[PDB]
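Colleague: The structure is given below, and queries will be raised subsequently.
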Amino acid sequence: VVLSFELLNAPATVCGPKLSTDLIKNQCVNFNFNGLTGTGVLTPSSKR
Amino acid sequence: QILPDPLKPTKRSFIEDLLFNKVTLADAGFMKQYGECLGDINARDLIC
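Have a look at this one:
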């Protein structure tokens, strides 16, 4: 069996087991969005 | 024309005013606050 996929470039629907938390905004936090991890401040955006 | 005019509020001379008006500088103030850059994200300011 050969499994093929792509990572951290597009929408995803297959994920590993992880508990999802609430959203914290206007604060310096560690974040993990669909497997992309980082540190920063999150704010509402006007992009579409 | 080459000396400051007491009546006008500017501290420079007429010719000095023209010279300073003839050069354009983007960086003016040397202070950029965090709130400003965060609140003007859509502008994509180069200094930010």
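Chains as they are written, first to last, in this note's numbering: chain A, 1 to 48; chain B, 101 to 148.
Note that CB positions come from ideal geometry on N, CA and C, so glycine has one too.
1. Tell me the DSSP secondary structure of B/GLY135 in three-state form.
2. In the DSSP output, what is A/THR37 paired with across the bridge?
3. On the three-state DSSP scale, how would you describe B/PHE120?
4. Looking at the C-beta of A/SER46, does it have a partner C-beta in chain B at a distance below 7 Å?
Modeller: The short version:
1. helix
2. A/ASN32
3. helix
4. yes
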